[PDB]
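Chains as they are written, first to last, in the deposited numbering: chain A, 820 to 915, 922 to 1001, 1009 to 1069; chain B, 820 to 915, 922 to 1001, 1009 to 1069.
See structure below.
Protein chains: 2
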Amino acid sequence: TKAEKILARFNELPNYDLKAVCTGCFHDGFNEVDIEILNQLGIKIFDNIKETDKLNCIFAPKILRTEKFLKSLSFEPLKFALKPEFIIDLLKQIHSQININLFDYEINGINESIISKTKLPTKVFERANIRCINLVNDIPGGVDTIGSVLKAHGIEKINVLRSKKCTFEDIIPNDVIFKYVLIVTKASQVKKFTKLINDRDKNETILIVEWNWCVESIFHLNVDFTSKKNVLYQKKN
Amino acid sequence: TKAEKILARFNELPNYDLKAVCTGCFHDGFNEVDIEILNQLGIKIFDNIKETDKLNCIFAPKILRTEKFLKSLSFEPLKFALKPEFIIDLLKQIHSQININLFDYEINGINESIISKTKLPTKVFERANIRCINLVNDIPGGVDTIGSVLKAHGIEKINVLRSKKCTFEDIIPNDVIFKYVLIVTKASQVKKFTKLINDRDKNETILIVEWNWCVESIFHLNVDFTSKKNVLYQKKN
């Protein structure tokens, strides 16, 4: 009711139609009334991303590598990538007509072309034919967060390998082109993996990459197999 | 070995006597020869922190909030906080006498006074009488990494609270001053905890803080109970 009274001063309220999470901003959240005001203007802020909520918006000061920012590039679709200043200006204007627009707060780097790719009927790793991958347990950020980002972007199976207990038999193939795909952190995990695979499956193909290969692929919503950047080893026909 | 041949060119080798981890630098690591080179020079680089390794050194470009940086402030003791350029200049000098010193590469804000506090026979939260704390699981970084930092710094028991599945009975007291200590992320969570506790234990003391309160206490190796910075609520008698 207290938000309703504040908004009563207005002859007509915009419906911004945003379903958003915030990352790299609003770390302590919003007070009960601001949430109510925002809701009344068709803006719902969620704490976590649930595929259920059909999120369409991300608030962030810039392109970030957080789980949330990367995951927003798998929204279905992402419609708005907005700087926090949008909410700030909007709440400011409201707390004493409403004309804050959705166009003057775009995040540098996230443009029409990238955003529209979130409308594709496939995910980035899905159209790259990277379905089942191996991840070394010493991935910075832990394996659950990385795993969940990758699954959001179309990877079907995330197989965690522990360096350095893992054998060839723990490596899973990429059944959907590369038979083995691995994400590794230390450039000496490469040697061990290429030896194991070369010994047991000599003629098969292998792709070994750093987490930043995944990151850049998500940022572009495209796996560029042409790039050598963040590729630690590849064996193809 | 290859490392030995390279080092044979020197008529005397320093023993730097470092046992270190790196954070915010050398993300891919070192090749097999460099590791052996540094080793011959009394510099051991570890991947993760194990209390048994008795680390005495952190390599980092500046003061950081990573798990490794914060934990280096509980080494026993921390002897050197060094910029990665120390390793870079050392390796460069070696690959073509050895005179790179440990004094010209200190990290800013780190300090002989802070560094020497790591020799104390207590940990920072231990002398602050914060033994048992409650952590809300929506903390950015996950609880087990937050928990690991705090245990390293003398907190005996990290109790994880689920907002909003948690109840008064899930809250554990600080039995070693404040009977209840909570770390909370969302400002709107404070209301809920203080209501629960006030209803059930009206006369007892309560301290509720943001994660940055812990971080700064670690950075200073002191809990300043005089500070209102990052304190969300406190009830004292």
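Where a beta carbon is used, it is the ideal one built from N, C-alpha and C, also for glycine.
For residue i, collect the residues of the same chain with a Cβ closer than 6 Å to its Cβ; drop the 5 residues on either side in sequence, then sort them by chain order.
i, result
"residue 889(B)", "974 and 1050"
"residue 918(B)", "In the model as presented, chain B runs from 915 straight to 922, which leaves residue 918(B) without coordinates."
"residue 1010(B)", "1037 and 1039"
"residue 1030(B)", "none"
"residue 977(A)", "890 and 893"
"residue 934(A)", "882"
"residue 953(B)", "1055"
"residue 901(A)", "878 and 930"
"residue 972(B)", "983"
"residue 854(B)", "none"
Do residue j and residue i come within 8 Å of each other at the CB atom, strictly closer than that value?
i, j, result
"residue 1017(B)", "residue 965(B)", "yes"
"residue 877(B)", "residue 897(B)", "yes"
"residue 955(A)", "residue 1055(A)", "yes"
"residue 820(A)", "residue 879(A)", "no"
"residue 936(A)", "residue 899(A)", "no"
"residue 832(A)", "residue 862(A)", "no"
"residue 1089(B)", "residue 822(B)", "Since the first residue shown for chain B is 820 and the last is 1069, residue 1089(B) is missing from the structure and cannot be characterised."
"residue 1062(B)", "residue 1042(B)", "yes"
"residue 949(A)", "residue 891(A)", "no"
"residue 923(A)", "residue 856(A)", "no"
"residue 943(A)", "residue 870(A)", "no"
"residue 967(A)", "residue 967(B)", "yes"
"residue 910(B)", "residue 835(B)", "no"
"residue 849(A)", "residue 864(A)", "yes"
"residue 930(A)", "residue 904(A)", "yes"
Could you name the residues of the same chain whose beta carbon sits closer than 8 Å to that of residue i, not counting the 5 residues immediately before and after it, in chain order?
i, result
"residue 1022(A)", "1016, 1040, 1064 and 1065"
"residue 986(A)", "959, 960, 961, 962, 995, 996 and 1014"
"residue 970(B)", "886"
"residue 1026(B)", "1038, 1040, 1065 and 1067"
"residue 984(B)", "957, 958, 959, 960, 995, 996 and 997"
"residue 825(A)", "852, 856, 913 and 914"
Apart from the five residues on each side of it in sequence, which residues of its chain come closer than 7 Å, Cβ to Cβ, to residue i?
i, result
"residue 1067(B)", "1037 and 1038"
"residue 829(A)", "922 and 923"
"residue 883(B)", "842 and 843"
"residue 981(A)", "956 and 957"
"residue 1044(A)", "1062"
"residue 872(B)", "838 and 865"
"residue 921(B)", "Note on chain B: numbering goes from 915 to 922 directly, and residue 921(B) within that interval has no coordinates."
Could you check how far apart the C-beta atoms of residue i and residue j are, in whole angstroms? I think they sit under 8 Å.
i, j, result
"residue 1000(B)", "residue 1046(B)", "Contact flag wrong, Cβ pair sits at about 19 Å."
"residue 1019(A)", "residue 866(B)", "Not really, about 13 Å apart at Cβ, beyond 8 Å."
"residue 1032(A)", "residue 1057(A)", "Their Cβ separation, rounded to whole angstroms, is 24 Å, which puts residue 1032(A) and residue 1057(A) out of contact at 8 Å."
"residue 1034(A)", "residue 989(A)", "Not quite, the Cβ-Cβ distance comes to about 22 Å (not below 8 Å), so this is no contact."
Secondary structure, beta strand (DSSP E): runs of 3+ residues fully inside the stretch 947 to 990 of chain A: 957 to 961 and 982 to 986
message: Can you pull out the residues from the stretch 1021 to 1055 of chain B whose beta carbon lies closer than 7 Å to at least one beta carbon of chain A?
response: none
task: Quick one: which unbroken alpha helix (DSSP H) runs of 4-plus residues sit fully inside the stretch 1015 to 1053 of chain A? Chain order, please.
output: 1021 to 1032 and 1043 to 1052
- prompt: Mind listing which residues of the stretch 860 to 879 of chain A have their C-beta closer than 9 Å to chain B's C-betas, in chain order?
  reply: 866 and 867
- request: Just list the beta strand (DSSP E) runs in the stretch 866 to 903 of chain B, keeping only unbroken ones of 3 residues or longer that don't cross its boundaries, in chain order.
  value: 876 to 878 and 899 to 901
- request: Taking only beta carbons into account, state which residues of the stretch 976 to 998 of chain B come closer than 7 Å to chain A, listed in chain order.
  value: none
message: Suppose only complete runs of 3+ residues qualify. What are the beta strand (DSSP E) ranges in the stretch 829 to 856 of chain A, listed by chain order?
response: 837 to 841
message: Taking beta-carbon pairs under 7 Å, can you tell me which members of the stretch 957 to 975 of chain B lie near chain A?
response: 963 and 967
task: Please name the residues in the stretch 838 to 850 of chain B whose beta-carbon is closer than 7 Å to at least one beta-carbon of chain A, in chain order.
output: 847 and 848
query: Got a sec: which bits of the stretch 897 to 915 of chain B sit with their beta carbon under 7 Å from any beta carbon on chain A, in order along the chain?
result: none
Contact list for the stretch 923 to 946 of chain A against chain B, Cβ threshold 9 Å: none
task: Closer than 8 Å, Cβ to Cβ, to anything on chain A: give me those residues from the stretch 1009 to 1020 of chain B, in chain order.
output: 1017, 1018, 1019 and 1020
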